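Visitor: This is the structure I have questions about; it appears just below.
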Amino acid sequence: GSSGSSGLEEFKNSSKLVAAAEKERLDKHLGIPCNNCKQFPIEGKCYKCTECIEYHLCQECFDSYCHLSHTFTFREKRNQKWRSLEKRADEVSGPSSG
Ligand SMILES: [Zn+2]
Ligand SMILES: [Zn+2]
């Protein structure tokens with residue numbers, strides 16, 4: 001399973017505001033750094049390979065669908081659980097030969 005912190009209360013909810021880019025834990029969304037670019041914190045979503053060991057990617061690197069080859073899973077904002085990504089695989093041409 002997974003760790004589900006209790007709550008039953010919605011307060012101090014964030015708001016649409018411009019935030020600066022600084023190298024320091026600003027939000028509780030540190031989770032795990034990227035294994036490719038090594039972006040930390042990972043402002044973008046949090047992805048991980050369910051086939052490899054200690055492997056995690058970021059929304060950015062994910063946009064490239066490089067590691068997508070394996071079964072990855074993305075999480076959601078607090079009070080949520082991982083999710084099974086769709087088989088979104090466009091790259092089918094494969095210029096390998098032509
Ligand atoms: Zn990355
Ligand atoms: Zn993998």
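By convention in this document, the chains of the structure tokens carry letters A, B, ... by their order, each chain's residues are numbered from 1, and ligands are numbered from 1 in the order they are shown.
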With 9 Å as the cut-off and only C-alpha atoms and all ligand atoms counted, what is the closest atom pair between each nearby residue of chain A and ligand 1? Distances in Å to one decimal, ordered by chain and number, as JSON lines.
Guide:
```
{"residue": "A:33", "atom": "CA", "partner": "ligand 1", "partner_atom_place_in_ligand_line": "1 (Zn)", "distance": 7.9}
{"residue": "A:34", "atom": "CA", "partner": "ligand 1", "partner_atom_place_in_ligand_line": "1 (Zn)", "distance": 4.7}
{"residue": "A:35", "atom": "CA", "partner": "ligand 1", "partner_atom_place_in_ligand_line": "1 (Zn)", "distance": 6.6}
{"residue": "A:36", "atom": "CA", "partner": "ligand 1", "partner_atom_place_in_ligand_line": "1 (Zn)", "distance": 5.1}
{"residue": "A:37", "atom": "CA", "partner": "ligand 1", "partner_atom_place_in_ligand_line": "1 (Zn)", "distance": 4.2}
{"residue": "A:38", "atom": "CA", "partner": "ligand 1", "partner_atom_place_in_ligand_line": "1 (Zn)", "distance": 5.7}
{"residue": "A:39", "atom": "CA", "partner": "ligand 1", "partner_atom_place_in_ligand_line": "1 (Zn)", "distance": 5.5}
{"residue": "A:40", "atom": "CA", "partner": "ligand 1", "partner_atom_place_in_ligand_line": "1 (Zn)", "distance": 8.9}
{"residue": "A:42", "atom": "CA", "partner": "ligand 1", "partner_atom_place_in_ligand_line": "1 (Zn)", "distance": 7.8}
{"residue": "A:44", "atom": "CA", "partner": "ligand 1", "partner_atom_place_in_ligand_line": "1 (Zn)", "distance": 8.9}
{"residue": "A:56", "atom": "CA", "partner": "ligand 1", "partner_atom_place_in_ligand_line": "1 (Zn)", "distance": 8.3}
{"residue": "A:57", "atom": "CA", "partner": "ligand 1", "partner_atom_place_in_ligand_line": "1 (Zn)", "distance": 5.2}
{"residue": "A:58", "atom": "CA", "partner": "ligand 1", "partner_atom_place_in_ligand_line": "1 (Zn)", "distance": 4.4}
{"residue": "A:59", "atom": "CA", "partner": "ligand 1", "partner_atom_place_in_ligand_line": "1 (Zn)", "distance": 7.0}
{"residue": "A:60", "atom": "CA", "partner": "ligand 1", "partner_atom_place_in_ligand_line": "1 (Zn)", "distance": 5.5}
{"residue": "A:61", "atom": "CA", "partner": "ligand 1", "partner_atom_place_in_ligand_line": "1 (Zn)", "distance": 4.2}
{"residue": "A:62", "atom": "CA", "partner": "ligand 1", "partner_atom_place_in_ligand_line": "1 (Zn)", "distance": 7.2}
```
Visitor: Go ahead and write the selection's residues with N, CA, C and O atoms as a PDB file, in the first residue's frame.
Guide:
```
ATOM      1  N   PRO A  33      13.958  13.378  -6.504  1.00  0.00           N
ATOM      2  CA  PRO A  33      14.593  14.075  -7.627  1.00  0.00           C
ATOM      3  C   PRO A  33      14.629  13.224  -8.891  1.00  0.00           C
ATOM      4  O   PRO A  33      14.463  12.005  -8.836  1.00  0.00           O
ATOM      5  N   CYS A  34      14.848  13.873 -10.030  1.00  0.00           N
ATOM      6  CA  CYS A  34      14.907  13.177 -11.309  1.00  0.00           C
ATOM      7  C   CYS A  34      16.181  12.345 -11.419  1.00  0.00           C
ATOM      8  O   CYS A  34      17.200  12.669 -10.809  1.00  0.00           O
ATOM      9  N   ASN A  35      16.116  11.273 -12.201  1.00  0.00           N
ATOM     10  CA  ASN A  35      17.266  10.394 -12.390  1.00  0.00           C
ATOM     11  C   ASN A  35      18.034  10.769 -13.653  1.00  0.00           C
ATOM     12  O   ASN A  35      19.182  10.366 -13.837  1.00  0.00           O
ATOM     13  N   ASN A  36      17.393  11.545 -14.522  1.00  0.00           N
ATOM     14  CA  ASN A  36      18.017  11.975 -15.768  1.00  0.00           C
ATOM     15  C   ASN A  36      18.651  13.353 -15.612  1.00  0.00           C
ATOM     16  O   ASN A  36      19.874  13.480 -15.542  1.00  0.00           O
ATOM     17  N   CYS A  37      17.813  14.382 -15.556  1.00  0.00           N
ATOM     18  CA  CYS A  37      18.290  15.751 -15.408  1.00  0.00           C
ATOM     19  C   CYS A  37      18.695  16.032 -13.963  1.00  0.00           C
ATOM     20  O   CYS A  37      19.515  16.911 -13.697  1.00  0.00           O
ATOM     21  N   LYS A  38      18.116  15.279 -13.035  1.00  0.00           N
ATOM     22  CA  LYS A  38      18.416  15.445 -11.618  1.00  0.00           C
ATOM     23  C   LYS A  38      17.842  16.755 -11.088  1.00  0.00           C
ATOM     24  O   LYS A  38      18.456  17.420 -10.256  1.00  0.00           O
ATOM     25  N   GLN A  39      16.660  17.118 -11.579  1.00  0.00           N
ATOM     26  CA  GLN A  39      16.004  18.349 -11.154  1.00  0.00           C
ATOM     27  C   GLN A  39      15.455  18.212  -9.738  1.00  0.00           C
ATOM     28  O   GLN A  39      14.615  17.353  -9.467  1.00  0.00           O
ATOM     29  N   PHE A  40      15.933  19.064  -8.838  1.00  0.00           N
ATOM     30  CA  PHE A  40      15.491  19.037  -7.448  1.00  0.00           C
ATOM     31  C   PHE A  40      15.480  20.443  -6.854  1.00  0.00           C
ATOM     32  O   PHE A  40      16.482  21.159  -6.871  1.00  0.00           O
ATOM     33  N   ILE A  42      11.579  18.877  -7.782  1.00  0.00           N
ATOM     34  CA  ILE A  42      10.925  18.592  -9.053  1.00  0.00           C
ATOM     35  C   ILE A  42       9.610  19.353  -9.175  1.00  0.00           C
ATOM     36  O   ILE A  42       8.534  18.782  -9.002  1.00  0.00           O
ATOM     37  N   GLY A  44       7.791  20.102 -11.482  1.00  0.00           N
ATOM     38  CA  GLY A  44       6.824  19.366 -12.275  1.00  0.00           C
ATOM     39  C   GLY A  44       6.334  18.114 -11.575  1.00  0.00           C
ATOM     40  O   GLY A  44       6.744  17.820 -10.453  1.00  0.00           O
ATOM     41  N   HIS A  56      13.460   7.648 -10.899  1.00  0.00           N
ATOM     42  CA  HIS A  56      12.377   8.625 -10.895  1.00  0.00           C
ATOM     43  C   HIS A  56      12.626   9.717 -11.932  1.00  0.00           C
ATOM     44  O   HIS A  56      13.759  10.159 -12.122  1.00  0.00           O
ATOM     45  N   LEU A  57      11.560  10.144 -12.601  1.00  0.00           N
ATOM     46  CA  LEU A  57      11.663  11.183 -13.619  1.00  0.00           C
ATOM     47  C   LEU A  57      10.784  12.379 -13.267  1.00  0.00           C
ATOM     48  O   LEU A  57      10.033  12.346 -12.292  1.00  0.00           O
ATOM     49  N   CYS A  58      10.880  13.433 -14.071  1.00  0.00           N
ATOM     50  CA  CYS A  58      10.092  14.640 -13.846  1.00  0.00           C
ATOM     51  C   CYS A  58       9.220  14.954 -15.060  1.00  0.00           C
ATOM     52  O   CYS A  58       9.501  14.503 -16.170  1.00  0.00           O
ATOM     53  N   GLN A  59       8.164  15.729 -14.839  1.00  0.00           N
ATOM     54  CA  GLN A  59       7.252  16.102 -15.913  1.00  0.00           C
ATOM     55  C   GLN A  59       8.023  16.517 -17.161  1.00  0.00           C
ATOM     56  O   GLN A  59       7.622  16.205 -18.282  1.00  0.00           O
ATOM     57  N   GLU A  60       9.132  17.224 -16.959  1.00  0.00           N
ATOM     58  CA  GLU A  60       9.958  17.682 -18.070  1.00  0.00           C
ATOM     59  C   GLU A  60      10.501  16.501 -18.868  1.00  0.00           C
ATOM     60  O   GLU A  60      10.127  16.292 -20.022  1.00  0.00           O
ATOM     61  N   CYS A  61      11.386  15.730 -18.245  1.00  0.00           N
ATOM     62  CA  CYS A  61      11.983  14.570 -18.895  1.00  0.00           C
ATOM     63  C   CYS A  61      10.905  13.641 -19.446  1.00  0.00           C
ATOM     64  O   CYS A  61      11.108  12.967 -20.457  1.00  0.00           O
ATOM     65  N   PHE A  62       9.758  13.611 -18.776  1.00  0.00           N
ATOM     66  CA  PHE A  62       8.648  12.764 -19.198  1.00  0.00           C
ATOM     67  C   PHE A  62       8.098  13.221 -20.546  1.00  0.00           C
ATOM     68  O   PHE A  62       7.662  12.405 -21.359  1.00  0.00           O
TER      69      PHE A  62
END
```
Visitor: Name the closest residue to ligand 2 among the candidates A:14, A:97, A:73, A:80; distances are taken between atoms, counting only C-alpha atoms and all ligand atoms.
Guide: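 Among the listed residues, the smallest separation from ligand 2 belongs to A:73.
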Visitor: Residues within 10 Å of ligand 2 should be enumerated using only C-alpha atoms and all ligand atoms and returned as an MDAnalysis selection string.
Guide: chainID A and resid 48:56 66:72
Visitor: Now that the selection is made, can you save its residues with N, CA and C atoms as a short mmCIF file (atom, residue, chain, number, x, y, z; two decimals), in the first residue's frame?
Guide:
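Result went into part34.cif, see below:
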```
data_model
loop_
_atom_site.label_atom_id
_atom_site.label_comp_id
_atom_site.auth_asym_id
_atom_site.auth_seq_id
_atom_site.Cartn_x
_atom_site.Cartn_y
_atom_site.Cartn_z
N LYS A 48 7.89 7.71 -11.79
CA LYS A 48 8.82 6.67 -11.36
C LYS A 48 8.63 5.40 -12.18
N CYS A 49 9.73 4.68 -12.39
CA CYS A 49 9.69 3.44 -13.16
C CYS A 49 9.37 2.25 -12.27
N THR A 50 8.32 1.51 -12.62
CA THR A 50 7.90 0.35 -11.85
C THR A 50 8.61 -0.91 -12.33
N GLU A 51 9.67 -0.73 -13.11
CA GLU A 51 10.44 -1.85 -13.64
C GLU A 51 11.90 -1.75 -13.24
N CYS A 52 12.37 -0.52 -13.03
CA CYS A 52 13.76 -0.29 -12.64
C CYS A 52 13.88 -0.16 -11.12
N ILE A 53 15.09 0.15 -10.66
CA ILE A 53 15.34 0.30 -9.23
C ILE A 53 15.79 1.72 -8.90
N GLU A 54 15.15 2.33 -7.91
CA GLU A 54 15.49 3.69 -7.50
C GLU A 54 15.56 4.62 -8.70
N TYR A 55 14.51 4.61 -9.52
CA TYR A 55 14.46 5.45 -10.71
C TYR A 55 13.23 6.36 -10.67
N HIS A 56 13.46 7.65 -10.90
CA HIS A 56 12.38 8.62 -10.90
C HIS A 56 12.63 9.72 -11.93
N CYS A 66 11.12 9.30 -23.07
CA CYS A 66 12.31 8.50 -23.29
C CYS A 66 12.22 7.18 -22.53
N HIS A 67 12.10 7.27 -21.21
CA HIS A 67 12.00 6.08 -20.37
C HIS A 67 10.60 5.48 -20.43
N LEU A 68 9.66 6.25 -20.98
CA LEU A 68 8.28 5.79 -21.10
C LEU A 68 8.22 4.34 -21.54
N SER A 69 9.28 3.88 -22.20
CA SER A 69 9.35 2.50 -22.67
C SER A 69 8.91 1.53 -21.59
N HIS A 70 9.21 1.87 -20.34
CA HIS A 70 8.85 1.03 -19.20
C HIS A 70 7.55 1.50 -18.56
N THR A 71 7.04 0.71 -17.62
CA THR A 71 5.80 1.05 -16.93
C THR A 71 6.03 2.10 -15.86
N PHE A 72 5.66 3.34 -16.16
CA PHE A 72 5.83 4.44 -15.21
C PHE A 72 4.51 4.79 -14.54
#
```
Visitor: Which distance in Å separates CA of residue 85 (chain A) and CA of residue 18 (chain A), to one decimal?
Guide: 29.1 Å
Visitor: Go through A:76, A:43, A:86, A:91 one by one, measure the shortest atom-to-atom distance of each to residue 20 (chain A) using only C-alpha atoms, and give the residue with the smallest value.
Guide: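 Selected residue with least distance to residue 20 (chain A): A:43.
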Visitor: Kindly give the distance, in Å, that separates CA of residue 87 (chain A) and CA of residue 28 (chain A), rounded to a single decimal.
Guide: 29.4 Å
Visitor: Chain A: which residues are strand (DSSP E or B) by DSSP, as a PyMOL selection string?
Guide: chain A and resi 46-49+56-58+72-74+83-84
Visitor: Limited to C-alpha atoms, could you put the picked residues into a file as a compact mmCIF listing (two decimals), in the first residue's frame?
Guide:
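Below is the file again-v3.txt, written as the result:
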```txt
# COMPACT_ATOMS: atom_id res chain seq x y z
CA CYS A 46 6.60 13.13 -10.11
CA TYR A 47 7.13 9.98 -12.18
CA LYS A 48 8.82 6.67 -11.36
CA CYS A 49 9.69 3.44 -13.16
CA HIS A 56 12.38 8.62 -10.90
CA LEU A 57 11.66 11.18 -13.62
CA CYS A 58 10.09 14.64 -13.85
CA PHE A 72 5.83 4.44 -15.21
CA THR A 73 3.39 5.99 -12.74
CA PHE A 74 2.60 9.60 -11.84
CA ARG A 83 -1.86 6.57 -11.18
CA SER A 84 -1.33 4.28 -14.17
```
Visitor: Mind giving me the straight-line distance from CA of residue 79 (chain A) to CA of residue 2 (chain A) in Å, one decimal?
Guide: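 One can read the CA of residue 79 (chain A) to CA of residue 2 (chain A) distance as 11.3 Å.
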